[PDB]
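The primary structure of each chain is shown beneath.
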Amino acid sequence: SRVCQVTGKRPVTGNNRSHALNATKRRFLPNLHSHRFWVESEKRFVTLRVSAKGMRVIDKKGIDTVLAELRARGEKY
Amino acid sequence: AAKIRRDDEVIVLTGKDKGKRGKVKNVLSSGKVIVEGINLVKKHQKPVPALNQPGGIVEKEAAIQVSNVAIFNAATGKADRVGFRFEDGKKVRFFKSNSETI
Amino acid sequence: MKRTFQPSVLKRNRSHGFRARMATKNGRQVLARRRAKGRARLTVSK
Amino acid sequence: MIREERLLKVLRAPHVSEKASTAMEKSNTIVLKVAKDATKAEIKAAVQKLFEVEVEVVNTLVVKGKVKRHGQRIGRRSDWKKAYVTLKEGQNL
Amino acid sequence: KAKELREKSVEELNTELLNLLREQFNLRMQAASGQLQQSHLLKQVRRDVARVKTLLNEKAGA
RNA sequence: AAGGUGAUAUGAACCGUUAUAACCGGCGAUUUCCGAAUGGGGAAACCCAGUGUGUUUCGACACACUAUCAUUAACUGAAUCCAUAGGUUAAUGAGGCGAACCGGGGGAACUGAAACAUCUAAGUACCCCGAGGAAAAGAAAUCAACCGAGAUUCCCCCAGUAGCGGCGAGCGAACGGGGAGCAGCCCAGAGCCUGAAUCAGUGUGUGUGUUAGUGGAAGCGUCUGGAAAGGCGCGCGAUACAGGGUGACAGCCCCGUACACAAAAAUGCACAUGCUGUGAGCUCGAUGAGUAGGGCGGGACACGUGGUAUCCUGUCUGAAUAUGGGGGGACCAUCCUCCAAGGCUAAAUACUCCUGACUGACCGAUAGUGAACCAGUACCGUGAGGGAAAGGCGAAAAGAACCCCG
RNA sequence: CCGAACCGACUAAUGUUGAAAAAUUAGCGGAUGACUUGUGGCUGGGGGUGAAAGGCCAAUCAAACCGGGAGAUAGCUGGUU
RNA sequence: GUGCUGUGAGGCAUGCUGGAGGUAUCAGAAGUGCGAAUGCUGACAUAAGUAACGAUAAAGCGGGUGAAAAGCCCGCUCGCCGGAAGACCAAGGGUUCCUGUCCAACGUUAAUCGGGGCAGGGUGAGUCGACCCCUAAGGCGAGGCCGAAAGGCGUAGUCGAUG
Ligand SMILES: [K+]
Ligand SMILES: [K+]
Ligand SMILES: [K+]
Ligand SMILES: [K+]
Ligand SMILES: [K+]
Ligand SMILES: [K+]
Ligand SMILES: [K+]
Ligand SMILES: [K+]
Ligand SMILES: [K+]
Ligand SMILES: [K+]
Ligand SMILES: [K+]
Ligand SMILES: [K+]
Ligand SMILES: [K+]
Ligand SMILES: [K+]
Ligand SMILES: [K+]
Ligand SMILES: [K+]
Ligand SMILES: [K+]
Ligand SMILES: [K+]
Ligand SMILES: [K+]
Ligand SMILES: [K+]
Ligand SMILES: [Mg+2]
Ligand SMILES: [Mg+2]
Ligand SMILES: [Mg+2]
Ligand SMILES: [Mg+2]
Ligand SMILES: [Mg+2]
Ligand SMILES: [Mg+2]
Ligand SMILES: [Mg+2]
Ligand SMILES: [Mg+2]
Ligand SMILES: [Mg+2]
Ligand SMILES: [Mg+2]
Ligand SMILES: [Mg+2]
Ligand SMILES: [Mg+2]
Ligand SMILES: [Mg+2]
Ligand SMILES: [Mg+2]
Ligand SMILES: [Mg+2]
Ligand SMILES: [Mg+2]
Ligand SMILES: [Mg+2]
Ligand SMILES: [Mg+2]
Ligand SMILES: [Mg+2]
Ligand SMILES: [Mg+2]
Ligand SMILES: [Mg+2]
Ligand SMILES: [Mg+2]
Ligand SMILES: [Mg+2]
Ligand SMILES: [Mg+2]
Ligand SMILES: [Mg+2]
Ligand SMILES: [Mg+2]
Ligand SMILES: [Mg+2]
Ligand SMILES: [Mg+2]
Ligand SMILES: [Mg+2]
Ligand SMILES: [Mg+2]
Ligand SMILES: [Mg+2]
Ligand SMILES: [Mg+2]
Ligand SMILES: [Mg+2]
Ligand SMILES: [Mg+2]
Ligand SMILES: [Mg+2]
Ligand SMILES: [Mg+2]
Ligand SMILES: [Mg+2]
Ligand SMILES: [Mg+2]
Ligand SMILES: [Mg+2]
Ligand SMILES: [Mg+2]
Ligand SMILES: [Mg+2]
Ligand SMILES: [Mg+2]
Ligand SMILES: [Mg+2]
Ligand SMILES: [Mg+2]
Ligand SMILES: [Mg+2]
Ligand SMILES: [Mg+2]
Ligand SMILES: [Mg+2]
Ligand SMILES: [Mg+2]
Ligand SMILES: [Mg+2]
Ligand SMILES: [Mg+2]
Ligand SMILES: [Mg+2]
Ligand SMILES: [Mg+2]
Ligand SMILES: [Mg+2]
Ligand SMILES: [Mg+2]
Ligand SMILES: [Mg+2]
Ligand SMILES: [Mg+2]
Ligand SMILES: [Mg+2]
Ligand SMILES: [Mg+2]
Ligand SMILES: [Mg+2]
Ligand SMILES: [Mg+2]
């Protein structure tokens, strides 16, 4: 599923609106990318499917802190 | 417990046989009793070639509602009502009129 | 003339039988509905 | 071994009919009603133990029950198993 | 009759059970051939078999 | 308990009458096969195994294990040196079903606007996921207005008001007031003092229900009649004249009713008292960051971008952190008020597949359930699915022996 | 190529509350092929499939059937004891 | 049914039938009044004792049984099919099979007859078939990859005959 493994961001629904304000249903998808993260503490790369926002969260909190969150949630990597 | 039992001597309260006396031969779970010589009917019995064939017009007792008979108090010579009480740890019946155990 | 019902027991059971109904969630909702209505015969299964 | 408790349940009744009577006096074969799930080996062991005769071979068939009406009500009798039990020659039941 | 059966041992109960099953088979043969007049014996032996099996189950701690 | 072996449904063979007949209740035992179905498979109720214990008259037989996934543990174990992935085993849990109510993820159109696209219908119908006996919400970064209030939920007002709105059709608050109910706490951390409050579990008591039951008052004569409970006459009970039955309408014939009692066993509740875990108090600290806020696109707020506060966030960004920050409906100043980015929490509220009791200016066989009756049946359809008609002899079968035409 | 089985359906009569909700009878075309047929499988509704007729998709097709929104709406017709 | 009665909707009395309920007055509440809606359900008419009795292969007679025989049974003759209108399987059906008995309803007539009613009987496998071993198209599918959820695809596998 198009779900960020770090933040849990997922597709949401909303409307397209035209100039005449006709509403048609649409989705908003997260900006997801598969990325190999270097884990210094285990001397290996871990691949996560993450949003660009989630990549900024990893930059801020550190991959080790984030991976501990994932193990707490039961999210396998 | 039942106030009228098999082999009781009863007197008929209502019906064509009002005032007659007999002995209870059968108590039926439907609340009816067969009383000897009372509610007689004439049955047109067809012959049964299977066994013996006495096909004829037979007279026999029909069941009567048990509330249509009363226990007969021979001491007073009248219909009575039944009560229940415990004597020597056993439940017994007694006549309401003179309080004697049946 | 050839009519529309041409019976075959194998095709009957594969198309509508109990195990075919149990194979999908929509088929299990058929069975749930027929049980709630109280049908004596849940399926074509002989 | 087949246990004696099982052997005591597999034979249900003798089957009485013209074909059964002819089978007995022409081919030394008795006809039995047997339990629906009895095998040929169970029938053979039960006859030998309970009737005390030597059995040559057992043939079986399943009789399908008839649909019967009873005062508008529709019903169906049960299927049952019939066994033609050929006895060794000289044996008498 | 469960009282008198409760005295016997597991091995006596198993002999009694076997005896009832043979009797049940003999009665079944007589009934089928029309040679049984006391049909009430069929139910009697059937319920006796149930009594014995119940006690064999009670004695096994079951 | 003096009767009994359910109905159709007679009969047969029997059981029982002073207590192992039957019947009623508690606790047990047994409980084929299919079905989540779980040893593999499969056209449901069938086909075919493996392993281990036993047993055997050498033909064979009995019993027990053997699904998948999640978590944990042990042993093992690649590329690859350590490792990791992977593999095997064990323990524990999960799955399926169910009428409504509840929270969440998605989400119409007909229709109305006398056309129709914004708008409406409507976050309705419907699909999906998940829970509980209720759920959700909940202990102010809330309102108010310079006076004050003090978590959440529900009811009556405020008010069809203020507003929103092709300012059309329509949509529609809050503040404040009256009620039901009421309850507050913990982590982001050390020291002291200690095991102290408090909840949960498990034993044990005492009560109090629930699941069988016991006793339960008092009427006769006469008339009509097939039959009296009716008429007429004279009596009696009532903490009982609720109700049902009995050959017509019965307080006193029967079953009940008021009232008074009852439990070997299992169980609910409220106390009590053990046992287990839980920590109580004081002091000193600490005070939730990719967050608040912003740009862009949407959504939610009665509020349709409007002068539009506030809330949510798909995308791009991004503080201060108590000497600080949020809100007071554009915005600024002043003042007031509150403390987000962690969490728990009873009651008042919603519903009824199901059980008991009672009630109705509700129906009485074309009505009332589709179904008073063997109805979700017969029948129709490949299937999803659709779906009837059909109640009444008599008080009692006394259901018409026998004769006559055929 | 001629012609039976087999697959079709050009003409006529009959039939039209039929023997039959598409047939019968006499004739007719293909008949080693882009043939015909059995069994089983696959494609699903704005979708399928179509040597293309809007043909066919269970006697239903310019959007199948069943259930639901649902008592859609009906400035129209009928009826109103 | 009859008589009486009021301006009307109606009212009252009474014979017969019926065989256990009914209800003044004054108030109260409505599923409160039917001839129409090509209304709905049931019953019963009309046409009418009319059309028709389902291939124009075809019957005749003697005997039997029987309440009754054009239709059943037996016999002789005649006619019709014979690449079928004969024989035998698969599919589909499910007792229709055989014997006895019955003739209400069913059978487009009668029926003694029947695929009709009722009762009893009848299906015997190491070699035929299924199950079974093996696979096709295709299905499902541990992990897996993908997808708001439901789910989609598929690897190892496991099913699946029409071989
Ligand atoms: K099919
Ligand atoms: K299973
Ligand atoms: K619209
Ligand atoms: K309009
Ligand atoms: K229009
Ligand atoms: K009485
Ligand atoms: K009474
Ligand atoms: K705004
Ligand atoms: K209905
Ligand atoms: K109905
Ligand atoms: K082919
Ligand atoms: K098309
Ligand atoms: K169809
Ligand atoms: K369509
Ligand atoms: K009259
Ligand atoms: K009258
Ligand atoms: K009419
Ligand atoms: K006529
Ligand atoms: K016909
Ligand atoms: K005739
Ligand atoms: Mg819209
Ligand atoms: Mg043989
Ligand atoms: Mg066989
Ligand atoms: Mg399985
Ligand atoms: Mg299994
Ligand atoms: Mg297999
Ligand atoms: Mg569940
Ligand atoms: Mg409009
Ligand atoms: Mg809660
Ligand atoms: Mg203040
Ligand atoms: Mg009592
Ligand atoms: Mg009393
Ligand atoms: Mg009197
Ligand atoms: Mg009467
Ligand atoms: Mg804070
Ligand atoms: Mg804010
Ligand atoms: Mg923001
Ligand atoms: Mg802003
Ligand atoms: Mg914005
Ligand atoms: Mg932001
Ligand atoms: Mg502000
Ligand atoms: Mg302001
Ligand atoms: Mg009805
Ligand atoms: Mg009526
Ligand atoms: Mg059908
Ligand atoms: Mg064609
Ligand atoms: Mg032709
Ligand atoms: Mg040519
Ligand atoms: Mg040719
Ligand atoms: Mg559709
Ligand atoms: Mg055209
Ligand atoms: Mg068609
Ligand atoms: Mg359309
Ligand atoms: Mg609607
Ligand atoms: Mg309508
Ligand atoms: Mg009145
Ligand atoms: Mg009306
Ligand atoms: Mg009328
Ligand atoms: Mg009119
Ligand atoms: Mg007409
Ligand atoms: Mg007519
Ligand atoms: Mg005529
Ligand atoms: Mg005419
Ligand atoms: Mg004419
Ligand atoms: Mg004519
Ligand atoms: Mg004919
Ligand atoms: Mg003749
Ligand atoms: Mg003829
Ligand atoms: Mg039959
Ligand atoms: Mg025949
Ligand atoms: Mg016959
Ligand atoms: Mg006839
Ligand atoms: Mg006749
Ligand atoms: Mg016959
Ligand atoms: Mg027949
Ligand atoms: Mg797959
Ligand atoms: Mg999987
Ligand atoms: Mg495969
Ligand atoms: Mg295979
Ligand atoms: Mg094959």
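For each chain, numbering restarts from 1 and follows the sequence as written, which can differ from how the entry numbers it; residues lacking coordinates are not listed. For naming, the first written chain is A and the first written ligand is 1, with later ones following in the order written. What is displayed is a subset of a larger assembly, so the values quoted cover only the displayed chains. Excluded from the side-chain calculation are hydrogens and water; included are all heavy atoms of the structure.

Named according to the PDB entry, chain E is 50S ribosomal protein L29 originating from Escherichia coli B. Here the PDB entry's recorded title is "Translating 70S ribosome in the unrotated state (P and E, tRNAs)". UniProt positions are given in the numbering used here, feature names are shortened, and annotations may be inferred rather than shown by experiment. Taken directly from UniProt, the Sequence similarities text for chain E runs: "Belongs to the universal ribosomal protein uL29 family."

Looking at the PDB entry, one finds chain A named 50S ribosomal protein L28 and attributed to Escherichia coli B. For chain A, the Subunit comment in UniProt is given as "Part of the 50S ribosomal subunit." Quoted verbatim from the Sequence similarities field of the UniProt record, the comment on chain A reads "Belongs to the bacterial ribosomal protein bL28 family."

**Digging into the protein's contact with RNA strand H**
Neighbouring residues of RNA strand H: 25 residues in total, closest A:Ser1, D:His15, D:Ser17, D:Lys19 and D:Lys40. The side chain of D:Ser17 places a nitrogen or oxygen atom 2.6 Å from a phosphate oxygen of RNA strand H. In protein, a polar contact means a hydrogen-donor-capable atom and an acceptor-capable atom, both N or O and within 3.5 Å, with residues adjacent in sequence counting only if both atoms are side-chain atoms; elsewhere, any N or O pair within 3.5 Å suffices. A distance of 3.0 Å separates a base nitrogen of RNA strand H from a polar side-chain atom of D:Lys66. Per the convention used, a helix needs a DSSP run of H or I reaching at least four residues, while a strand needs a run of E reaching at least two, with both numbered from the N terminus. Of all the secondary structure elements, the ones that give two or more residues to the surface near RNA strand H are α1 (9-16) of chain C together with β3 (55-63), β4 (67-70) and β6 (80-87) of chain D. It is β3(D) that provides the largest number of residues to the surface near RNA strand H, a total of 3 residues. Here a residue is considered near a molecule or strand provided that any single heavy atom belonging to it is located within 4 Å of it.

**Quick look at the layout of surface pockets**
Residues and elements named next belong to chain B. Volume-wise, the largest pocket comes out at about 230 Å³. Only protein atoms enter the calculation, which uses a 1 Å grid: trapped sets of points that fit a 1.4 Å probe without letting it out are cavities, open sets showing protein on both sides within 12 Å along at least five of seven lines are pockets, and any residue with an atom within 4 Å of a point is a lining residue. Lining the largest pocket are 16 residues, and of these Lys 3, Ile 4, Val 66, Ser 67 and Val 69 lie nearest its centre. Looking at the lining of the largest pocket element by element, the count peaks at 3 residues for strand β7 (residues 69-73). Grid points are joined across faces, edges and corners, and a volume is the space filled by probe spheres set on the points.

**Quick word on the arrangement of the chains**
Between two residues, a contact is recorded if the distance between any of their heavy atoms is within 4.5 Å. Between chain A and chain D there is no contact; the minimum C-alpha to C-alpha separation amounts to 53 Å. A gap remains between chain A and chain E, which never touch, and the nearest two C-alpha atoms on either side lie 44 Å apart.

**Some thoughts on the protein's contact with RNA strand G**
Residues and elements named next belong to chain C. As a matter of local geometry, RNA strand G sits amid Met 1, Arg 3, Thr 4, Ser 8, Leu 10, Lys 11 and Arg 14. A share of 85% is what sugar and phosphate atoms reach among the atoms of RNA strand G within 4 Å of the protein. With respect to RNA strand G, the side chain of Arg 3 contributes an N or O atom lying 3.1 Å from a phosphate oxygen. Separating a sugar or linking oxygen of RNA strand G from a side-chain N or O atom of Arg 14 is a distance of 2.8 Å. Residues are grouped as follows: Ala, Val, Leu, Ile, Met, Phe, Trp, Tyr, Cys and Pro are nonpolar; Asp, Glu, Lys and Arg are charged; every other residue, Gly included, is polar. Here the surface near RNA strand G is built from residues that sort into 2 nonpolar, 2 polar and 3 charged.

**Concerning the packing of helix α2 (residues 10-32) of chain E against helix α3 (residues 40-59) of chain E**
Residue and element names in this part refer to chain E. Interaxial angle, 0 to 180 degrees, is taken between N-to-C directions of lines fitted to C-alpha atoms, where a helix line uses only the stretch in contact. Where α2 meets α3, the closest approach of the two axes is 9 Å, and the angle between their N-to-C directions is 160°. With respect to α3, the axis of α2 lies roughly antiparallel. At the point where α2 passes α3, the crossing takes the left-handed sense. Contacts between α2 and α3 pair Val 10, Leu 13, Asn 14, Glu 16, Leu 17, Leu 20, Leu 21, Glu 23, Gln 24, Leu 27, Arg 28 and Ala 31 from the former with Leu 41, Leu 42, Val 45, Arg 46, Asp 48, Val 49, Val 52, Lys 53, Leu 55, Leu 56 and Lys 59 from the latter. Our angle categories are set so that under 35 degrees counts as roughly parallel, over 145 as roughly antiparallel, 65 to 115 as roughly perpendicular, and the remainder as oblique. Crossings are assigned a handedness: left-handed for a near helix turned anticlockwise from the far helix by less than a right angle, right-handed for a clockwise turn.

**A few points about the sheet that holds strand β2 (residues 29-34) of chain D**
Residues and elements named next belong to chain D. Spatially, β1-β2-β6-β3 is the arrangement adopted by the 4 strands of the open sheet, whose pairing is antiparallel. Sheet topology places β1 (11-14) and β3 at the edges, where each strand pairs with a single neighbour. Each adjacent strand pair in this sheet contributes to an overall mean axis angle of 30°, direction not counted. A pair of strands is considered paired only if DSSP assigns at least 2 bridges between the two. Taken together, the 8 bridges between β3 and β6 define a ladder with antiparallel strand orientation. Directly across from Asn 59, in β6, lies its bridge partner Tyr 84. Sheet contacts for helix α3 (residues 40-50): β1, β2, β3 and β6; angle to β3, the most-contacted strand, approximately 125°.

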